[PDB]
Each structure stands twice: as structure tokens, then as C-alpha cells.
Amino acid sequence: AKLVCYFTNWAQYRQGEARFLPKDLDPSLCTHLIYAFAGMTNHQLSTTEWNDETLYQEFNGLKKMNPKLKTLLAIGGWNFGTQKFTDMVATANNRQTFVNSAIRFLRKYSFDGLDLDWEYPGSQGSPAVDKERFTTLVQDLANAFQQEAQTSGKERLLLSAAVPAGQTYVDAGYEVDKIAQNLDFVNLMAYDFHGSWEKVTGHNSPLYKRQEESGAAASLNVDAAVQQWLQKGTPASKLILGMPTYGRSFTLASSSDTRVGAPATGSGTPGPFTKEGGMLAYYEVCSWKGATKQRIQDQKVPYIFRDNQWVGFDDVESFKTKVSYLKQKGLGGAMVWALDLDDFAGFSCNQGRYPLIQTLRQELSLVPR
């Protein structure tokens, strides 16, 4: 089993006990640690924060302490958008420039691989031609990594991708069967199914549908997303089930209607640390004072409300349920977005350090002996 965990290079800018610093990295929490994010400059891999090269060395310090650990560098993310990917994949020359830069950059900073997090080919401004050009990029990288391993005698660089769960984005961007031949593993973003962009409450990461859901809505859940990626050609051993250590929040139209599916007027109030209306870290929601928590019966996940605020999130119990599910489906492991949204320092939830991610590690039987 794998436990793939994302580090984010902006968590260092949160205040107080939410600030995530190198001391908070645990070398043996996860099997694979992915650094979010690199960017791109003139079609070449590049840093995004002023101290990334300091932090890259902190990553190498971890592998000295746990020589089993693998690290990858992720490129892209939601905020990065699509234009630089579109421009880089537009020609074979530009892809070659990128691929060559990536191999050199990863080797220079001792990363074990690259995670592609373009959000997303064929959507978010990216033209339809990018579906096939993304396929080509994936093959170009895989083949170049194989070639470099042959010539250098070094351990072959890994290639993964973070991929969407919803059919609209999957069918606009992803030739699943083709890219599955070339990706070492597939980090399924099995979250962000619902959120404050919608005018009724719904859960960030439900395992199954609610009975009131039909049509396309009936596929906006983890099980449907997993089955989608499997049936479209991803080997189970390569599919890594993403898990969110955050929730998505709404302002209710009325504090007297707190249903799943109740009317909402917009994003929930920003959290005191994460300062982003519409999401909350687990450590912002886990001991919420004077709130009312319950479970969505068929979806196997909790929600909580207080006055006109409503949040769908994941807890220890839902993470256990989801690991039992991934094991039943024979998947390759779990992925988690993100280290810094769990209660990484044990400051809030009275559950110790990394209560959610340690749950994943325990349920996957990955606790160091």
C-alpha cells in the first residue's frame, strides 16, 4: 500500500499554531511525499516561493531519516490555471524543452519523480486539443524517464498525475486508458464534489449518493469516481484514493434548515487560520464550540452546523470507512490533501498530531514497526 501526502509551500504563511514549518514534517508518516507546487517559466520547471530551495533540502533531510521515503514535485494546481500548460504542450519542441528541464531539475534537487497537476486539460480555459496533447506529454515524460534511467543507471524517475473525479472534466481532458500505460500511479482527487459554488448544501467528499440524487448528480461521489477511473482503464494497483483533511462550508439561507440539500446563500465564513470562505481545515471544524454534528446516512461522512454555518468534512470514522472501501476495491493506497490541514501539531482537536493522516496509515497497516 501507498500513503501519498501533499505538502503545500504556502502553509508556512499561516499564523500561530496553524503555521506549517519543516519541523512539522514527519519522515515516516507517509510512503510518498509530494511537494505542491512548482511552476513553469519559458516552458521549464521552476520554483514558486522565495524559499523553495531551502524547503527542497528539508525534503532531502527527511529521506536521510527515512531512507524508504519517496518524494515527488507537483507542477500546477488550481490557482496556476491552464495557459502555461497549453502553451507548453502546443508543440513537440515545447514539450521537449519541458521534459528535459524536468529531468534535470528533479535530479538536481533529489526528487524521485514528478506529479502532474494540470487543472485541467480541456477545461478551465484549455482548448479541446489539449486532451490529446496531455496524453502526448504523459508519454513523452514516461519515455524520457525510462530513457534517462537506461543511460544513467539511476533509479527511474516516477510519474504520477492528480486527476479529477467528475465526468465533465474527465471526458474533456483525459484519455484514461492511454495515460494509464505511462503513469506510475494516479492520485484521484476524490473531493471537491460539492461546495459553495452550488446554491444548496452538499458534502465535499461523500462516499456514495444520497437517495434524492439522480442523473449526473448520482455520480458525484467517491465510489462512482473510483469506478469511473477503473472502468475507463486505470489498473486498481495504480489508482490512489484521495482523502481530504478539510471540509467545504456554506452560509445557510436560514439557520432553521440545516438539511443536506438546504438552501445556501454563499460560502461559509472564512476560518480563523485558513482565511478562505467556503473551506475549513479539519483543525478548524473538529472541536467547533456550540455546534451540532451528525452523519449523512447513505454518504458515510459527517456534517456540522452552528447557527447559519454548515460544513461537510471528513473525520476519523469517515477516513476508516474510506480505507475499508479502497481495500475492498484493491486500490493501490490513499492520497491526502494536505498535511497542513490535518491537526498536524495536535493544537486543536485533542486527538494528538496528525489524527486524520495517522488514521490512514494505521488502516493501511503502514505503521512503522
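We call the rigid core whatever largest set of C-alpha positions still superposes within 1.5 Å between the two forms. In case it trips you up, residue 1 is the first one in the sequence shown, and so on.
Each structure in 6 other deposited structures of this protein is fitted to the shown form on the rigid core, and of 77-85 and 132-140 the C-alphas lie farther away on average for 77-85. In a rigid core superposition of the other structures in 6 other deposited structures of this protein, 20-28 and 351-359 differ in how far their CA atoms stray, and the farther one is 20-28. Higher mean CA temperature factor between 33-41 and 57-65: 57-65, per the PDB entry.
155-163 and 207-215 differ in mean CA B-factor, and the higher of the two is recorded for 207-215. Each of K238, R248, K108, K232 has a CA temperature factor in the record; the biggest one is found at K108. In this structure the maximum Cα B-factor among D115, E198, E119, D184 is found at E198. Sort the chain's modelled residues by C-alpha temperature factor and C5 lands in the lowest third, per the entry. Among all modelled residues in this chain, the alpha-carbon of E317 has a temperature factor (C-alpha) in the middle third. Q294: CA B factor in the middle third of modelled residues in this chain (values from the PDB entry). In this PDB entry, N221 carries a Cα temperature factor that places it within the lowest third of its chain's modelled residues. Looking at the C-alpha B-factors along this chain, the one for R133 belongs to the middle third.
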